[PDB]
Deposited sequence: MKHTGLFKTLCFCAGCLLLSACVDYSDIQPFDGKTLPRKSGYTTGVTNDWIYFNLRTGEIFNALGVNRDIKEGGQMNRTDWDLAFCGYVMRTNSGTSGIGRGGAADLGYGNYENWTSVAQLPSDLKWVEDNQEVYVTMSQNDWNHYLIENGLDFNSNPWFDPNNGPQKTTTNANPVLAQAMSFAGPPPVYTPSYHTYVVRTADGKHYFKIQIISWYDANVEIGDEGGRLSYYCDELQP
């Protein structure tokens, strides 16, 4: 595969629900590349603009809306044709830009689920983490509802399939545009390249 992968095992299998690998798409910097919360812990990203895109497994976060203070966002350029998007001039005039909100689901780690029961005095016997036919508990987080479409859900039982859409991520400064396409997914394969003005 001639494209990009994340530097490590990402998301709930680490034991942490909000396990985010942060990319500064303009500078090439990567945060939490070595391990979880190693450079930036959940909530510690909201007031930094030195990141543009973060991944928690295949789920993506931009520096916008509820995830951060920046001028970012995401938009959907439709099925395929990744190599064909080269220029900001090609973007539709009426393109719908969407900022991050707190309505996107990530899988809860088994350990976070357990703490959630202890903290709320809930009986483990009537609160299983893992549904034998529906898989693990999920919870909402700050993420991008447009980029969440990069992996289509069908179920139960849940099965995830790439949409193969090209998406476009606006950077934290609001003046740079990165096309992105998720090819496969705990190892993630994708393409991400800057569009020309």
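Peer 1: Where does the structure fail to cover the deposited sequence at the C-alpha level?
Peer 2: 1-30, 216-226 are the stretches of the deposited chain that have no C-alpha coordinates in the structure.
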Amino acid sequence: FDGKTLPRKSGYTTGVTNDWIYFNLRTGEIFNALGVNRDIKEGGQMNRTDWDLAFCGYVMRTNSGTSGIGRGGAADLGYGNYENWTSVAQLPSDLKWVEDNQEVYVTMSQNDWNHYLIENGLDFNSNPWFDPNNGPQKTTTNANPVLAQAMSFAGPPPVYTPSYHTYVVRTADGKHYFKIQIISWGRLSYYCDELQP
From here on, numbers count along this sequence of modelled residues.
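Peer 1: Got a sec? Mean C-alpha B-factor, which is higher, 99-107 or 86-94?
Peer 2: Averaged over C-alpha atoms, the B-factors run higher in 86-94.
Peer 1: Tell me which stretch has the larger mean Cα B-factor in this entry, 125-133 or 48-56.
Peer 2: 125-133 has the higher mean C-alpha B-factor.
Peer 1: Taking the values straight from the PDB record, which of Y12, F178, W185, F23 has the highest C-alpha temperature factor?
Peer 2: Of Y12, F178, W185, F23, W185 has the highest C-alpha B-factor.
Peer 1: Quick one: which of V168, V146, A143, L34 has the biggest Cα B-factor according to the entry?
Peer 2: Answer, based on the entry's C-alpha B-factors: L34.
Peer 1: Among the modelled residues of this chain, does the Cα B factor of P156 put it in the lowest, middle or highest third?
Peer 2: Its C-alpha B-factor, which the entry lists for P156, ranks in the highest third among residues of this chain.
Peer 1: C-alpha B factor of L117, ranked within the chain: lowest, middle or highest third?
Peer 2: Tercile = middle for this residue's CA B-factor.
Peer 1: Can you tell me whether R61 has a C-alpha B-factor in the lowest, middle or highest third compared with the other modelled residues of the same chain?
Peer 2: Bottom third by C-alpha B-factor.
Peer 1: Within this chain's modelled residues, let me know which third the CA B factor of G43 belongs to: lowest, middle or highest.
Peer 2: Top third by C-alpha B-factor.
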